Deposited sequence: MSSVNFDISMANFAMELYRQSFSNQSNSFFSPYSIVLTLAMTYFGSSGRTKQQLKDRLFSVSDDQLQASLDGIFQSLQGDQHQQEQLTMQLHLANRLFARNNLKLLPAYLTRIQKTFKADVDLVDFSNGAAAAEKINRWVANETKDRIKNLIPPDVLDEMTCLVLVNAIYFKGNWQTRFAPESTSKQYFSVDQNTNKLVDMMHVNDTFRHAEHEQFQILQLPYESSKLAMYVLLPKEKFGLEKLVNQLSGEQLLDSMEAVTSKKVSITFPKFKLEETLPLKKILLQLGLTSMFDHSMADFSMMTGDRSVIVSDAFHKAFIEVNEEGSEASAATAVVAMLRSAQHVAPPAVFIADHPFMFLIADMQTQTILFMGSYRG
């Protein structure tokens, strides 16, 4: 199913970046922007994609959430109208034409449209003979459905490394949440207040087991794990934090095998793909011993639309 391909891709992007830094990005935003390129592809390019896309789609369009997803074409490209029309009839931002010869004005023209106001995304010195450009920019600040008590936020040991401790602001709450234990990790669901969205948090059982978890876990497992959680009392300790991260999206995309140089619909390639994401996490929101969920060592987290399977955002927290 398409649902299962979307999250197979999210895990591959997830795998192909885990590192010694934090991370946060929108695999759904990358998909939509790869879908734009895909509606005007043919030949090998079209087959390379579509090996991760099927038939024709099912969108899915459903607290601060700002997605900037657009394709920028060089101004002198006779785009076929059929492509232009289905692009328009499928996404929010239709194709924008840009003169890249003015590297500064083109870069600043795009940066403006991105500014949903927490970005400045294509830097200087990148637009010359460029052809197509994909843009993803994200800000997310959701209100929880169950608030965190702000006066229970205290600072605590965060095990970054065998050799590195950090002190981070930990939120605390004891209430009913959907949770499950597995062999290698616990999974906790934290719903957002307009309850379409939820954050899912994957806490490895081993203090520094995060990367081993990430490389054993399939899209399939990840989806089943999100579905197979039951309501109970959880004593939650969870970091307050903000992450801004720019994803090296082209490099990552090549690392997965792609043809950024062959067939569209004369003749045209994707020259660049930009991805910058901002998340803010804070306290704001609304006999059996509780389950204890203490997120004090590097963990995995995602934001998902529960009504549509969809993984909106993913990331890891290192401290």
>> Lining up the deposited sequence with the coordinates, I want the ranges that have no C-alpha atoms.
In response: 1-5, 62, 69-88, 142-146, 297-306, 328-344
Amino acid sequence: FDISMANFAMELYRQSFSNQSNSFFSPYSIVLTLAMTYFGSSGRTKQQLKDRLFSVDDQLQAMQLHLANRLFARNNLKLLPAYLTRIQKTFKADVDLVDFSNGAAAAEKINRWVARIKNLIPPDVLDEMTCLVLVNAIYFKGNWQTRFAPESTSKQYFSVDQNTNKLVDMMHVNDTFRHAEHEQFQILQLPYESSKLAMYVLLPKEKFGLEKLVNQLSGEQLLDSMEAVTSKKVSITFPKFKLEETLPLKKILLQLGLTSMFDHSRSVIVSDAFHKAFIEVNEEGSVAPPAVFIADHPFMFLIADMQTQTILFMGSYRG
From here on, numbers count along this sequence of modelled residues.
>> Quick check: 45-53 versus 66-74, which has the larger average CA B-factor in the record?
In response: 45-53
> Do the CA atoms of 232-240 or those of 94-102 have the higher mean B-factor in the entry?
Replying inline: 94-102
>> Comparing recorded Cα B-factors across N282, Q59, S29, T37, which one is largest?
In response: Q59
>> Among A291, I294, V287, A273, where is the Cα B factor highest in this entry?
In response: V287
> Taking the C-alpha B-factors as the PDB entry records them, is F8 in the lowest, middle or highest third of its chain?
Replying inline: middle
>> Split into thirds by Cα B-factor across the chain's modelled residues, where does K196 land: lowest, middle or highest?
In response: highest
>> Taking only the Cα B-factors deposited for this chain, tell me whether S265 sits in the lowest, middle or highest third.
In response: highest
> Taking the entry's C-alpha B-factors for this chain, is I252 in the lowest, middle or highest third?
Replying inline: middle
>> How does the C-alpha B factor of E211 compare with the rest of the chain: lowest, middle or highest third?
In response: lowest
